[PDB]
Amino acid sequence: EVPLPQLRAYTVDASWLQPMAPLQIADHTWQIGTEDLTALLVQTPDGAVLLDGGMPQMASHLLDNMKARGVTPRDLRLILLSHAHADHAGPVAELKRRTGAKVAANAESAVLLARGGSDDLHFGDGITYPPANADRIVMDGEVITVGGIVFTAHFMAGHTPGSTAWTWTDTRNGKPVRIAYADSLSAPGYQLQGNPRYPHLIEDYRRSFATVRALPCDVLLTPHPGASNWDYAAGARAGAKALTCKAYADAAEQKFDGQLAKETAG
């Protein structure tokens, strides 16, 4: 008698779950997540925006960091997402219950979020999380403005169908800083070629490399900070080694081409 296996939790490196204090990126923009997962707070005179929340168990830590910044539950107006995997959208449902936040996302991200990341094109039910509903559906190139910070959506399908880069302009020394929060360009364990659930996967990734390369991009940030060479634990030099969007796109394409060759060989 051999029973069916137990459910397996989505377990991650400790650094992904290690709380950090708010780290200022620009005059209105702060990293408020963990050492190894990005969660960006943008604070304005007319309320706050959160871009990603990390893993499901980060909800209370995000709220504590918000409070440290002076942002109350009612002040949080909007949640935006890079993509709706458990390690970036994990706490969205809980945050919606505990704050005034509404979610804006593209149709692909909204559908995946509403499924709690189940029936993932590549991971199946391996990384599920509490489902949430989007309040507003955004189209490619659509802008959303909160307290004069203008967020533009740039669709960059591949890592997920609904993967998005969000760009906005903040300041640092009275000078503009064009921030690009670019989504993952990885395909971890994906079948790339002839995948029946994603027939045009390769062409979407190629288009997404080009989109990322061309973003307005004084400062690049990524959901996994290591992807853009950020080190959130390095304090005053956290962003010193950060890649350009151009360099991030180039490295991702080189890796992707390598993975294609390995897939053909395998």
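Start at 1 with the first residue shown and count on from there.
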Item to check | 171-179 versus 131-139 - greater average Cα B-factor per the deposited record | outcome: 171-179
Next on the checklist: Quick check on the record: does 231-239 or 212-220 carry the larger mean Cα temperature factor?
Outcome noted: 231-239
Checklist entry - Among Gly117, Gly158, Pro91, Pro188, which carries the highest Cα B-factor? => result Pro188
Next on the checklist: Please say which third, lowest, middle or highest, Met58 falls into when its CA temperature factor is compared across its chain.
Outcome noted: middle
Checklist outcome for this item: Tertile call for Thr44 (CA temperature factor, within chain, third-based) is the highest
Checklist entry - Sorting the chain's CA B-factors, does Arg206 end up in the lowest, middle or highest third? => result middle
Next on the checklist: Using the temperature factors of the C-alpha atoms in this entry, rank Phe151 within its chain: lowest, middle or highest third.
Outcome noted: middle
Checklist entry - For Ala26, does the deposited CA B-factor place it in the lowest, middle or highest third of the chain? => result middle
